[PDB]
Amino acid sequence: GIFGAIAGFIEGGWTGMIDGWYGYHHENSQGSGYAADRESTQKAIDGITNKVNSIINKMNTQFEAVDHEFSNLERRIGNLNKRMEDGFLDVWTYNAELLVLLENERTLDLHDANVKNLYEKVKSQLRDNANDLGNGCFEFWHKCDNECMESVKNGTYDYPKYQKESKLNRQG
(Lines of atoms letter the chains of each structure in order from A and count residues from 1; the text may use other names and numbers.)
(Lines give C-alpha, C1' and ligand atoms only; values in the text may rest on other atoms or scores of the structure.)
Protein backbone atom coordinates (compact mmCIF):
# COMPACT_ATOMS: atom_id res chain seq x y z
CA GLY A 1 0.00 0.00 0.00
CA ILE A 2 1.64 3.47 -0.27
CA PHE A 3 2.26 3.99 3.49
CA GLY A 4 3.16 0.33 3.38
CA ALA A 5 1.14 -0.89 6.36
CA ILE A 6 -2.06 -2.25 4.79
CA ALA A 7 -1.28 -5.37 2.71
CA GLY A 8 2.32 -4.50 3.59
CA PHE A 9 4.37 -5.01 6.70
CA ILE A 10 0.99 -5.76 8.33
CA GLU A 11 0.04 -8.58 6.00
CA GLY A 12 -3.60 -8.97 6.71
CA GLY A 13 -6.52 -7.42 8.44
CA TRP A 14 -8.56 -8.62 11.36
CA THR A 15 -12.00 -10.17 10.86
CA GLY A 16 -11.95 -10.22 14.65
CA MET A 17 -11.80 -6.44 15.04
CA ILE A 18 -15.42 -5.74 14.40
CA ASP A 19 -16.08 -2.30 15.80
CA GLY A 20 -13.53 -0.12 14.02
CA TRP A 21 -11.34 0.41 10.95
CA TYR A 22 -7.93 0.64 12.78
CA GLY A 23 -7.11 -1.06 16.06
CA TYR A 24 -5.11 -3.15 18.52
CA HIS A 25 -4.54 -6.91 19.06
CA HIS A 26 -2.97 -7.84 22.37
CA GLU A 27 -1.88 -11.05 23.99
CA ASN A 28 -0.95 -11.48 27.68
CA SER A 29 -1.39 -14.02 30.53
CA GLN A 30 -5.01 -12.85 31.02
CA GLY A 31 -5.95 -13.53 27.39
CA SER A 32 -5.98 -11.96 23.93
CA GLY A 33 -8.31 -9.87 21.81
CA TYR A 34 -9.13 -6.89 19.61
CA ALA A 35 -10.00 -3.28 20.26
CA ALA A 36 -10.70 -0.49 17.80
CA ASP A 37 -9.00 2.87 18.18
CA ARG A 38 -12.17 4.94 18.40
CA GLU A 39 -10.59 8.36 17.86
CA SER A 40 -8.70 7.67 14.63
CA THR A 41 -11.59 5.50 13.37
CA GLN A 42 -14.18 8.23 13.94
CA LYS A 43 -11.93 10.88 12.43
CA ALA A 44 -11.55 8.70 9.31
CA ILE A 45 -15.35 8.17 9.11
CA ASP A 46 -15.76 11.90 9.49
CA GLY A 47 -13.25 12.53 6.70
CA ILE A 48 -14.57 9.85 4.33
CA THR A 49 -18.19 10.98 4.96
CA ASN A 50 -17.24 14.56 4.18
CA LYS A 51 -15.50 13.44 0.97
CA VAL A 52 -18.54 11.46 -0.16
CA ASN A 53 -20.84 14.39 0.58
CA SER A 54 -18.53 16.88 -1.14
CA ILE A 55 -18.62 14.63 -4.23
CA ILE A 56 -22.40 14.29 -4.14
CA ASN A 57 -22.87 18.02 -3.60
CA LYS A 58 -20.53 19.00 -6.49
CA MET A 59 -22.25 16.51 -8.78
CA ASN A 60 -25.68 17.90 -7.86
CA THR A 61 -26.39 19.81 -11.06
CA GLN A 62 -27.81 18.27 -14.14
CA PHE A 63 -27.49 18.76 -17.84
CA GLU A 64 -30.93 18.50 -19.35
CA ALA A 65 -31.56 16.94 -22.73
CA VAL A 66 -34.77 17.99 -24.39
CA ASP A 67 -36.51 16.08 -27.06
CA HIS A 68 -37.52 18.92 -29.31
CA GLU A 69 -38.39 17.99 -32.85
CA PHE A 70 -36.53 19.18 -35.93
CA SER A 71 -37.86 19.40 -39.51
CA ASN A 72 -36.37 18.07 -42.75
CA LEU A 73 -34.92 21.55 -43.28
CA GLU A 74 -33.34 21.50 -39.81
CA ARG A 75 -30.64 18.79 -40.08
CA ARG A 76 -27.86 21.22 -39.07
CA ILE A 77 -29.43 22.50 -35.84
CA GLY A 78 -30.91 19.06 -35.16
CA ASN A 79 -27.41 17.59 -35.36
CA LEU A 80 -25.99 20.59 -33.42
CA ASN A 81 -28.30 19.74 -30.54
CA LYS A 82 -27.31 16.07 -30.59
CA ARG A 83 -23.55 16.74 -30.62
CA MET A 84 -24.20 19.28 -27.89
CA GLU A 85 -26.17 16.92 -25.61
CA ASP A 86 -23.83 14.03 -26.31
CA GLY A 87 -20.91 16.39 -25.66
CA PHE A 88 -22.03 17.20 -22.12
CA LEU A 89 -22.95 13.57 -21.64
CA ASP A 90 -19.35 12.61 -22.48
CA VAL A 91 -17.77 15.22 -20.20
CA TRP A 92 -19.82 14.27 -17.16
CA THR A 93 -19.33 10.54 -17.75
CA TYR A 94 -15.64 11.26 -17.86
CA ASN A 95 -15.79 13.49 -14.76
CA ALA A 96 -17.66 10.90 -12.71
CA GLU A 97 -15.61 7.87 -13.75
CA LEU A 98 -12.16 9.45 -13.36
CA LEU A 99 -13.08 11.03 -10.07
CA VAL A 100 -14.22 7.65 -8.74
CA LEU A 101 -10.95 5.94 -9.84
CA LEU A 102 -8.78 8.70 -8.39
CA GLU A 103 -10.63 9.12 -5.11
CA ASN A 104 -10.75 5.38 -4.66
CA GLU A 105 -6.92 5.29 -4.90
CA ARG A 106 -6.54 8.19 -2.52
CA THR A 107 -8.99 6.72 0.01
CA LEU A 108 -7.07 3.45 0.21
CA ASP A 109 -3.94 5.53 0.90
CA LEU A 110 -5.69 7.44 3.65
CA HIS A 111 -6.64 4.24 5.48
CA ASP A 112 -3.05 3.05 5.01
CA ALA A 113 -1.69 6.30 6.49
CA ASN A 114 -4.06 6.08 9.44
CA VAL A 115 -2.89 2.56 10.29
CA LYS A 116 0.74 3.55 9.87
CA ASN A 117 0.34 6.63 12.09
CA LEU A 118 -1.28 4.47 14.83
CA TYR A 119 1.62 2.03 14.58
CA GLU A 120 4.07 4.89 15.05
CA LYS A 121 2.02 6.35 17.94
CA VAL A 122 2.41 3.11 19.89
CA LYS A 123 6.04 2.64 18.91
CA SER A 124 7.00 5.99 20.33
CA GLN A 125 5.33 5.17 23.67
CA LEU A 126 6.85 1.77 24.08
CA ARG A 127 10.39 2.87 23.19
CA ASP A 128 12.83 0.17 24.35
CA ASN A 129 10.40 -1.49 26.82
CA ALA A 130 9.33 -3.60 23.83
CA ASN A 131 10.65 -5.20 20.65
CA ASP A 132 9.30 -4.05 17.26
CA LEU A 133 8.75 -7.22 15.24
CA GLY A 134 8.19 -7.26 11.45
CA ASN A 135 4.50 -7.00 11.45
CA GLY A 136 2.99 -4.07 13.42
CA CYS A 137 3.44 -6.17 16.60
CA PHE A 138 5.41 -5.27 19.68
CA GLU A 139 6.75 -7.85 22.13
CA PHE A 140 7.07 -6.40 25.63
CA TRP A 141 10.25 -6.75 27.72
CA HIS A 142 8.00 -6.67 30.79
CA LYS A 143 4.70 -8.14 31.85
CA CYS A 144 1.91 -6.07 30.35
CA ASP A 145 -1.28 -6.08 32.36
CA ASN A 146 -4.82 -5.47 31.04
CA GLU A 147 -4.46 -1.99 32.58
CA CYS A 148 -1.04 -1.81 31.00
CA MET A 149 -2.52 -2.66 27.62
CA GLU A 150 -5.40 -0.22 28.19
CA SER A 151 -2.81 2.46 28.93
CA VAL A 152 -0.93 1.90 25.66
CA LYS A 153 -4.26 2.30 23.81
CA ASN A 154 -5.09 5.48 25.83
CA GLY A 155 -1.76 7.10 25.06
CA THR A 156 -1.01 7.05 28.80
CA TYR A 157 1.56 4.26 28.88
CA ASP A 158 4.06 4.73 31.74
CA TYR A 159 7.54 4.12 30.33
CA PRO A 160 9.64 4.84 33.45
CA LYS A 161 7.40 2.53 35.55
CA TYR A 162 8.52 -0.46 33.46
CA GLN A 163 11.97 0.75 32.39
CA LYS A 164 14.07 -1.16 34.98
CA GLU A 165 12.21 -4.53 34.66
CA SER A 166 12.50 -4.35 30.87
CA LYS A 167 16.20 -3.49 30.86
CA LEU A 168 16.70 -6.66 32.87
CA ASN A 169 15.01 -8.98 30.44
CA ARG A 170 16.23 -7.06 27.37
CA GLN A 171 19.72 -7.96 28.60
CA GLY A 172 19.05 -11.35 30.24
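Residue numbers here begin at 1 and follow the sequence given.
- Do the C-alpha atoms of 107 to 115 or of 126 to 134 have the higher average B factor in the entry? That would be 126 to 134.
- Task: Would you mind checking where the Cα B-factor of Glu64 ranks among the modelled residues of its chain, as the lowest, middle or highest third?
- Result: Answer is highest: the recorded C-alpha B-factor places it there.
- Message: Ranking the modelled residues of this chain by C-alpha B-factor as given in the entry, is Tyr34 in the lowest, middle or highest third?
- Response: For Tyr34, whose C-alpha B-factor we compare with every modelled residue in the chain, the answer is the middle third.
- Message: Looking at the temperature factor on the CA atom of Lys51, which third of the chain's modelled residues does it land in?
- Response: It falls in the bottom third of the chain.
- Query: C-alpha B factor of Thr41, ranked within the chain: lowest, middle or highest third?
  - Reply: Its C-alpha B-factor, which the entry lists for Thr41, ranks in the lowest third among residues of this chain.
- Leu168, C-alpha B-factor rank within chain (lowest, middle or highest third): Answer is highest: the recorded C-alpha B-factor places it there.
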